[PDB]
Amino acid sequence: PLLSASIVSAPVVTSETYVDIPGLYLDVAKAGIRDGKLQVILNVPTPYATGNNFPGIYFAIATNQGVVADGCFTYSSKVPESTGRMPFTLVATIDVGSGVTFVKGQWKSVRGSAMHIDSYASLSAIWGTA
Amino acid sequence: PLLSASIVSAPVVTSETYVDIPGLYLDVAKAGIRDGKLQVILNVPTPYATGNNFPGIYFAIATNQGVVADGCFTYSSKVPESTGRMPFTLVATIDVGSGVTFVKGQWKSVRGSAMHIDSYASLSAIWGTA
Amino acid sequence: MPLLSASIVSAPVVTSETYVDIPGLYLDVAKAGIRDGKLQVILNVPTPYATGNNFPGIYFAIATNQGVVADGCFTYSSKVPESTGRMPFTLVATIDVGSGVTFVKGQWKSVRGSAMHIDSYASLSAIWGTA
Ligand SMILES: C[C@@H]1O[C@H](NC(=O)c2cccc(-c3ccccc3)c2)[C@@H](O)[C@H](O)[C@@H]1O
Ligand SMILES: C[C@@H]1O[C@H](NC(=O)c2cccc(-c3ccccc3)c2)[C@@H](O)[C@H](O)[C@@H]1O
Ligand SMILES: C[C@@H]1O[C@H](NC(=O)c2cccc(-c3ccccc3)c2)[C@@H](O)[C@H](O)[C@@H]1O
């Protein structure tokens, strides 16, 4: 039992709080998963951030109970000569029998960065047992 | 059933088109997979690129039908002081019942870059159902 | 369909010329009753950084009781980075349990004397299957 959602682009976003990346959503309930474990992979292979103060993006895996895992990339220069593509992957294993109905990908600005996904990205899950 | 192929190095390559990374090939047919879903992970943990115009590498997951997912890393300087190692992971979920016999890893130059893998890299797949 | 996972929210700062264990990134394959088959292992360190004076970086490894099965690194592209940016890292290996594997662990080693930092979420995961 394999869940997968993929996008080829997202709207540009700037946010001080975690907001949902449109299209990176897995309905666990719709697949009739009510117990057990999901290994979740948020894969954003070609993201970039724009800004004037060491830009970056915070990414999270979230369920109906909140954020379960988060991370980020940041550039190593204040004003990068060019905002290079910086691959990002996040892996978390969640318990469904806690009352999980959904899994989603979120993002949040680092230091006011504008966040960009303009190519393929994916949210995936494999089901198993404790 | 768990598919896996790993390499410890590849030849240096420059290409304006996607070409196959030698050794990163999964034979779905030989494994007797003709239906269902594969979650594929292309993992190139220690790549780098060389060039004079903001180097990088494009990576793709491809089947007998073509590319199903792609991404890249790029540096953030035109002529990096040193071409740092830039980890890359791509994840895609494919339908084997569409006529898939193989899954392979490909790469393509960014702006004429020379592409380097000189350490471990892997192409993996887990089979499941919808 | 057993799913193994270990996660941390931080580790101690480390400088090491040799691979050392990242505390908390450990999977007991035996205790889970796995004695045969294949594990697909993912080491995920999404927000690491390194500090140093000479193009800093970190080497990461997946290891078993038999030794290292896979390794990689990130490195910065400047000798003395203006700031040590967070550089996401993932390593994927598929191992055989029936060779005498009891455990899987995450390791790290300095690049050029770097100090190694994990101060946020990181994970070691495994999915069991067969050839
Ligand atoms: C923000 C810039 O984005 C550039 N990339 C593009 O503008 C671009 C244009 C067309 C296609 C793609 C692309 C294609 C396949 C997969 C991902 C991206 C990138 C990239 O090369 C630079 O280093 C920099 O990060
Ligand atoms: C291109 C350069 O490559 C260097 N890497 C090596 O020269 C090197 C030499 C021996 C072994 C390895 C290695 C070992 C394990 C896994 C990956 C690479 C790297 C690296 O330190 C620099 O920052 C830079 O990106
Ligand atoms: C070493 C620096 O680390 C900074 N990050 C932090 O200091 C920081 C502070 C509080 C929280 C977090 C964090 C939160 C969620 C996930 C990961 C990290 C980072 C980062 O923005 C910079 O670019 C740089 O790499």
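We count ligands from 1, going down the list as the structure has it; atoms in each ligand are counted the same way. By convention in this document, chain letters (A, B, ...) are assigned in the order of the sequence lines, proteins followed by strands, and residues within each chain are numbered from 1. What you see below is based on every heavy atom in this structure, not just the backbone, and it leaves out hydrogens, waters and symmetry mates.
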* Partner set under ring pair (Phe, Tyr, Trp, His ring centres under 6.0 Å) for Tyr48(A), not counting sequence neighbours ->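 Partners of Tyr48(A) under the ring pair (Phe, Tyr, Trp, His ring centres under 6.0 Å) test: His116(A).
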
* Look at the side-chain heavy atoms of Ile, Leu, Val, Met, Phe, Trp and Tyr, link any pair under 4.5 Å apart, and say whether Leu39(C) and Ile62(C) land in one connected group. => yes

* Asked: Hey, does the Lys NZ or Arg CZ of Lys104(B) hover above the aromatic six-ring of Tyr25(B), less than 6.0 Å from the centre and inside 45° of the axis?
  ->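 Verdict for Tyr25(B): no cation-pi partner in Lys104(B).
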
* Within the 6.0 Å centroid threshold, strictly below: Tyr75(A) and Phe54(A) ->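 For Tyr75(A) and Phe54(A), the ring centres are not under 6.0 Å apart.
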
* Asked: Which protein residues have a heavy atom under 4.0 Å from ligand 3?
  ->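 Those residues closer than 4.0 Å to ligand 3 by some heavy atom are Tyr58(A), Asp70(A), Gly71(A), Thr74(A), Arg111(A), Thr47(C), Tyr49(C), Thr84(C), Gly85(C), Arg86(C), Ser120(C).
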
* What residues, two or more places apart in sequence or in another chain, satisfy salt bridge (charged side-chain N to carboxylate O under 4.0 Å, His left out) together with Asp28(C)? ->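 Here no residue qualifies.
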
* Quick one: list whatever passes salt bridge (charged side-chain N to carboxylate O under 4.0 Å, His left out) with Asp118(A), sequence neighbours left out. => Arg85(A)

